[PDB]
Structure formats: structure tokens, C-alpha cells
$ cat target-v3.json   # JSON, C-alpha atoms
[["chain", "number", "residue", "atom", "x", "y", "z"],
["A", 1, "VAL", "CA", 0.00, 0.00, 0.00],
["A", 2, "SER", "CA", 3.10, 2.28, -0.43],
["A", 3, "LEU", "CA", 3.03, 5.57, -2.45],
["A", 4, "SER", "CA", 5.43, 8.12, -4.10],
["A", 5, "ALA", "CA", 5.49, 11.72, -5.50],
["A", 6, "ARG", "CA", 4.03, 12.97, -8.86],
["A", 7, "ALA", "CA", 3.18, 16.20, -10.74],
["A", 8, "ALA", "CA", 0.27, 17.84, -8.80],
["A", 9, "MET", "CA", 0.44, 21.68, -9.39],
["A", 10, "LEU", "CA", -1.17, 24.15, -11.89],
["A", 11, "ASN", "CA", -1.60, 27.31, -9.68],
["A", 12, "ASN", "CA", -2.56, 30.54, -11.56],
["A", 13, "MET", "CA", -3.92, 33.91, -10.26],
["A", 14, "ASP", "CA", -2.84, 36.65, -12.81],
["A", 15, "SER", "CA", -6.52, 37.48, -13.80],
["A", 16, "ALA", "CA", -7.76, 41.14, -13.81],
["A", 17, "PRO", "CA", -11.45, 41.23, -15.03],
["A", 18, "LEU", "CA", -13.73, 44.32, -15.50],
["A", 19, "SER", "CA", -17.30, 45.17, -16.76],
["A", 20, "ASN", "CA", -17.45, 48.99, -17.45],
["A", 21, "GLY", "CA", -17.40, 50.31, -21.09],
["A", 22, "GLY", "CA", -20.78, 51.77, -22.27],
["A", 23, "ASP", "CA", -20.97, 55.60, -21.97],
["A", 24, "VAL", "CA", -21.20, 55.60, -25.80],
["A", 25, "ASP", "CA", -23.89, 52.91, -25.64],
["A", 26, "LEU", "CA", -26.07, 55.03, -23.28],
["A", 27, "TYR", "CA", -25.96, 58.21, -25.41],
["A", 28, "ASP", "CA", -26.37, 56.65, -28.87],
["A", 29, "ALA", "CA", -29.14, 54.26, -27.62],
["A", 30, "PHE", "CA", -30.97, 57.07, -25.78],
["A", 31, "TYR", "CA", -30.53, 59.45, -28.67],
["A", 32, "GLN", "CA", -32.14, 56.74, -30.87],
["A", 33, "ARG", "CA", -35.02, 56.61, -28.26],
["A", 34, "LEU", "CA", -35.53, 60.31, -29.16],
["A", 35, "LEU", "CA", -35.40, 59.76, -32.97],
["A", 36, "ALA", "CA", -37.97, 56.86, -32.91],
["A", 37, "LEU", "CA", -40.92, 59.35, -32.74],
["A", 38, "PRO", "CA", -40.35, 63.14, -33.31],
["A", 39, "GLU", "CA", -41.93, 63.18, -36.86],
["A", 40, "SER", "CA", -45.33, 64.05, -35.24],
["A", 41, "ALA", "CA", -43.78, 67.42, -34.03],
["A", 42, "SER", "CA", -45.98, 67.15, -30.87],
["A", 43, "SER", "CA", -45.56, 69.90, -28.22],
["A", 44, "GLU", "CA", -46.38, 68.26, -24.84],
["A", 45, "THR", "CA", -46.37, 64.53, -25.79],
["A", 46, "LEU", "CA", -42.77, 64.85, -27.10],
["A", 47, "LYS", "CA", -41.39, 66.53, -23.90],
["A", 48, "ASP", "CA", -43.18, 64.00, -21.64],
["A", 49, "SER", "CA", -42.00, 61.02, -23.79],
["A", 50, "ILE", "CA", -38.48, 62.56, -23.47],
["A", 51, "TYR", "CA", -38.96, 62.78, -19.65],
["A", 52, "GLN", "CA", -40.03, 59.09, -19.60],
["A", 53, "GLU", "CA", -37.04, 57.82, -21.64],
["A", 54, "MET", "CA", -34.64, 60.10, -19.64],
["A", 55, "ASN", "CA", -36.05, 58.61, -16.38],
["A", 56, "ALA", "CA", -36.23, 54.93, -17.58],
["A", 57, "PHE", "CA", -33.19, 54.08, -19.78],
["A", 58, "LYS", "CA", -31.52, 53.38, -16.42],
["A", 59, "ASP", "CA", -27.79, 53.82, -17.12],
["A", 60, "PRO", "CA", -25.84, 50.45, -17.49],
["A", 61, "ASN", "CA", -22.58, 52.03, -16.19],
["A", 62, "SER", "CA", -24.15, 53.00, -12.79],
["A", 63, "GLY", "CA", -27.91, 52.12, -12.48],
["A", 64, "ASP", "CA", -29.85, 54.92, -10.69],
["A", 65, "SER", "CA", -31.00, 56.70, -13.94],
["A", 66, "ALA", "CA", -29.68, 57.93, -17.34],
["A", 67, "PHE", "CA", -28.55, 61.20, -15.59],
["A", 68, "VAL", "CA", -27.58, 62.16, -11.95],
["A", 69, "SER", "CA", -29.65, 65.32, -11.07],
["A", 70, "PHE", "CA", -27.63, 68.42, -12.11],
["A", 71, "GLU", "CA", -24.05, 67.90, -13.43],
["A", 72, "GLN", "CA", -24.86, 64.93, -15.67],
["A", 73, "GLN", "CA", -28.35, 66.37, -16.48],
["A", 74, "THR", "CA", -26.89, 69.66, -17.73],
["A", 75, "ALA", "CA", -24.17, 67.95, -19.78],
["A", 76, "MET", "CA", -26.69, 65.35, -21.14],
["A", 77, "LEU", "CA", -29.10, 68.17, -22.08],
["A", 78, "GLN", "CA", -26.42, 70.49, -23.52],
["A", 79, "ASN", "CA", -25.09, 67.42, -25.43],
["A", 80, "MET", "CA", -28.69, 66.49, -26.49],
["A", 81, "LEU", "CA", -29.24, 70.04, -27.86],
["A", 82, "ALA", "CA", -25.79, 70.05, -29.55],
["A", 83, "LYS", "CA", -26.74, 66.79, -31.43],
["A", 84, "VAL", "CA", -30.32, 67.69, -32.62],
["A", 85, "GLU", "CA", -31.24, 70.21, -35.34],
["A", 86, "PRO", "CA", -32.40, 73.68, -33.97],
["A", 87, "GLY", "CA", -35.20, 73.73, -36.62],
["A", 88, "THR", "CA", -37.10, 70.73, -35.12],
["A", 89, "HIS", "CA", -39.70, 70.61, -32.36],
["A", 90, "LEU", "CA", -37.41, 67.92, -30.83],
["A", 91, "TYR", "CA", -34.81, 70.65, -30.04],
["A", 92, "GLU", "CA", -37.61, 72.62, -28.30],
["A", 93, "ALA", "CA", -38.75, 69.54, -26.30],
["A", 94, "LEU", "CA", -35.18, 68.97, -25.00],
["A", 95, "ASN", "CA", -35.02, 72.70, -24.08],
["A", 96, "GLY", "CA", -38.43, 72.40, -22.32],
["A", 97, "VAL", "CA", -37.41, 69.32, -20.28],
["A", 98, "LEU", "CA", -33.99, 70.92, -19.50],
["A", 99, "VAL", "CA", -35.87, 74.02, -18.24],
["A", 100, "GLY", "CA", -38.50, 72.01, -16.27],
["A", 101, "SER", "CA", -36.05, 69.41, -14.82],
["A", 102, "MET", "CA", -33.69, 72.34, -13.90],
["A", 103, "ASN", "CA", -36.58, 74.32, -12.27],
["A", 104, "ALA", "CA", -37.42, 71.21, -10.17],
["A", 105, "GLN", "CA", -33.70, 70.79, -9.19],
["A", 106, "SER", "CA", -33.01, 74.57, -8.63],
["A", 107, "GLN", "CA", -33.81, 74.83, -4.84],
["A", 108, "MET", "CA", -34.54, 78.62, -5.24],
["A", 109, "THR", "CA", -35.46, 78.83, -1.46],
["A", 110, "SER", "CA", -31.77, 79.15, -0.60],
["A", 111, "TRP", "CA", -31.27, 81.68, -3.46],
["A", 112, "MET", "CA", -34.25, 83.84, -2.31],
["A", 113, "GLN", "CA", -32.09, 84.89, 0.70],
["A", 114, "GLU", "CA", -29.72, 86.64, -1.83],
["A", 115, "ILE", "CA", -32.06, 87.80, -4.68],
["A", 116, "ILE", "CA", -33.73, 89.98, -1.96],
["A", 117, "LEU", "CA", -30.51, 92.15, -1.88],
["A", 118, "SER", "CA", -31.09, 93.39, -5.50],
["A", 119, "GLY", "CA", -33.04, 96.52, -6.61],
["A", 120, "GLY", "CA", -31.01, 98.51, -9.21],
["A", 121, "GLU", "CA", -27.63, 99.95, -10.39],
["A", 122, "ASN", "CA", -28.65, 103.44, -11.72],
["A", 123, "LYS", "CA", -25.73, 105.96, -12.18],
["A", 124, "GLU", "CA", -27.63, 108.59, -10.06],
["A", 125, "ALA", "CA", -24.51, 109.79, -8.12],
["A", 126, "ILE", "CA", -21.68, 107.17, -8.59],
["A", 127, "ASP", "CA", -21.48, 108.07, -12.33],
["A", 128, "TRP", "CA", -19.05, 105.16, -13.10]]

$ encode --input "target-v3.json" --output "C-alpha cells"
Amino acid sequence: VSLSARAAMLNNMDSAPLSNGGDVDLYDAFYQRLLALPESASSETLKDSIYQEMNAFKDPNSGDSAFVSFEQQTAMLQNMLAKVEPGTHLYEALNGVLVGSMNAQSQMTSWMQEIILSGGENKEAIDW
């Protein structure tokens, strides 16, 4: 019932996997979610369909939504407007959701404590 040595080793651990790589994929896919429907030139239905797709794409790279709240929103919207043709109602719907989404985000309560300081800058005596 005796025994002796043999080859018994294949150890390996040099692996370095990853899963990120789809910022392109978000924009182009989303941008195609715009272009699926704007031919109708609808005023309200277009902006609210935009709001839906903006809220529901749900970004692969992170998860929470296609955009963050402000920084990503403002770049995504500025980028969205840079890509579309000014002439279309689509351009106007992106502007309208940018404006409405920004007004919701704005937190003007905090700013009201500073807007109250204003009143004018007339050269009545300073004469700059």
C-alpha cells in the first residue's frame, strides 16, 4: 500500500477582469429613443416622452437613472441640444425638459435669501 510523489500543481492567479465600457452605448441608444418618434412634431407629448425615456433608460454604467440630477443632467441636455437640429420641435422639447427638470432641481429657497438684496444699479450719483 506504499506511495510516491508525482506532478500535482497548476496554480494561476494573474486574472484582472472588468465590466465597465458603455458611456457611448447610453448616449447613442438614448438618442435613438428620441429619434424613434419626433416626426409628429408634438408639443407636450414629445417633452413628456423625453422625460419618460430620460427617467427609464436606467444607465448600465451605474444604475440609478440615465442622468444624476444636475451635473450629468446639464451635460446630457447640452449634449442632447448640440446633437439635434435647432429647426425641429425635438430641439424645443429637450429645451423644455432641461428648463422644467432644472426648475425642479433649482432649490430657489436658498437663493431667495440673496435675490432679496437686488433693486437697481442706476448711475444717479456714482457716475461710473

$ closest_residue --input "target-v3.json" --among "A:17, A:76, A:67, A:84" --to "residue 34 of chain A" --atoms "only C-alpha atoms"
A:84

$ atom_distance --input "target-v3.json" --atom1 "atom CA of residue 95 of chain A" --atom2 "atom CA of residue 75 of chain A"
12.6 Å

$ atom_distance --input "target-v3.json" --atom1 "atom CA of residue 13 of chain A" --atom2 "atom CA of residue 60 of chain A"
28.4 Å

$ atom_distance --input "target-v3.json" --atom1 "atom CA of residue 59 of chain A" --atom2 "atom CA of residue 18 of chain A"
17.0 Å

$ closest_residue --input "target-v3.json" --among "A:21, A:124, A:31, A:96" --to "residue 82 of chain A" --atoms "all atoms listed in the file"
A:31

$ residues_around --input "target-v3.json" --residues "residue 57 of chain A" --least-positions-apart "4" --cutoff "10 Å" --atoms "all atoms listed in the file" --output "JSON, numbers by chain"
{"A": [26, 29, 30, 33, 52, 53, 63, 64, 65, 66, 67]}

$ write_last_selection --input "target-v3.json" --atoms "C-alpha atoms" --output "compact mmCIF listing (two decimals), in the frame of the given file"
# COMPACT_ATOMS: atom_id res chain seq x y z
CA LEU A 26 -26.07 55.03 -23.28
CA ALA A 29 -29.14 54.26 -27.62
CA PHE A 30 -30.97 57.07 -25.78
CA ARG A 33 -35.02 56.61 -28.26
CA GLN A 52 -40.03 59.09 -19.60
CA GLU A 53 -37.04 57.82 -21.64
CA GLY A 63 -27.91 52.12 -12.48
CA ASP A 64 -29.85 54.92 -10.69
CA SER A 65 -31.00 56.70 -13.94
CA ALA A 66 -29.68 57.93 -17.34
CA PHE A 67 -28.55 61.20 -15.59

$ closest_residue --input "target-v3.json" --among "A:88, A:78, A:69, A:61" --to "residue 19 of chain A" --atoms "all atoms listed in the file"
A:61

$ axis_aligned_box --input "target-v3.json" --around "segment 8-21 of chain A" --padding-each-side "3 Å" --output "lines of an AutoDock Vina configuration file"
center_x = -8.5
center_y = 34.1
center_z = -14.9
size_x = 23.9
size_y = 38.5
size_z = 18.3

$ closest_residue --input "target-v3.json" --among "A:36, A:45, A:99, A:92" --to "residue 73 of chain A" --atoms "all atoms listed in the file"
A:99

$ build_atoms --input "target-v3.json" --residues "segment 96-108 of chain A" --atoms "N, CA, C and O atoms" --output "CSV table (one decimal), in the coordinates of the input"
chain,number,residue,atom,x,y,z
A,96,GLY,N,-37.3,72.4,-23.3
A,96,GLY,CA,-38.4,72.4,-22.3
A,96,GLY,C,-38.2,71.5,-21.1
A,96,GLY,O,-38.4,71.9,-20.0
A,97,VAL,N,-37.8,70.2,-21.4
A,97,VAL,CA,-37.4,69.3,-20.3
A,97,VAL,C,-36.2,69.8,-19.5
A,97,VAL,O,-36.2,69.6,-18.3
A,98,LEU,N,-35.1,70.3,-20.2
A,98,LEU,CA,-34.0,70.9,-19.5
A,98,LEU,C,-34.5,72.0,-18.5
A,98,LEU,O,-34.1,71.9,-17.3
A,99,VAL,N,-35.3,72.9,-19.0
A,99,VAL,CA,-35.9,74.0,-18.2
A,99,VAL,C,-36.7,73.5,-17.1
A,99,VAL,O,-36.6,74.0,-16.0
A,100,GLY,N,-37.6,72.5,-17.3
A,100,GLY,CA,-38.5,72.0,-16.3
A,100,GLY,C,-37.8,71.1,-15.2
A,100,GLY,O,-38.0,71.4,-14.0
A,101,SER,N,-36.9,70.2,-15.7
A,101,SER,CA,-36.0,69.4,-14.8
A,101,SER,C,-35.1,70.3,-14.0
A,101,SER,O,-35.0,70.1,-12.8
A,102,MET,N,-34.5,71.3,-14.6
A,102,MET,CA,-33.7,72.3,-13.9
A,102,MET,C,-34.5,73.2,-12.9
A,102,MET,O,-34.0,73.4,-11.8
A,103,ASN,N,-35.7,73.6,-13.2
A,103,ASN,CA,-36.6,74.3,-12.3
A,103,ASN,C,-37.0,73.5,-11.0
A,103,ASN,O,-37.0,74.0,-9.9
A,104,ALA,N,-37.2,72.2,-11.2
A,104,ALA,CA,-37.4,71.2,-10.2
A,104,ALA,C,-36.2,71.0,-9.3
A,104,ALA,O,-36.3,71.0,-8.0
A,105,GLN,N,-35.0,70.9,-9.9
A,105,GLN,CA,-33.7,70.8,-9.2
A,105,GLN,C,-33.2,72.1,-8.5
A,105,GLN,O,-32.5,72.0,-7.4
A,106,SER,N,-33.5,73.2,-9.0
A,106,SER,CA,-33.0,74.6,-8.6
A,106,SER,C,-32.8,74.9,-7.1
A,106,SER,O,-31.9,75.6,-6.8
A,107,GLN,N,-33.8,74.5,-6.3
A,107,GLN,CA,-33.8,74.8,-4.8
A,107,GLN,C,-33.7,76.4,-4.6
A,107,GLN,O,-32.9,76.8,-3.8
A,108,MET,N,-34.5,77.1,-5.3
A,108,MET,CA,-34.5,78.6,-5.2
A,108,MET,C,-34.8,79.2,-3.9
A,108,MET,O,-34.6,80.4,-3.7
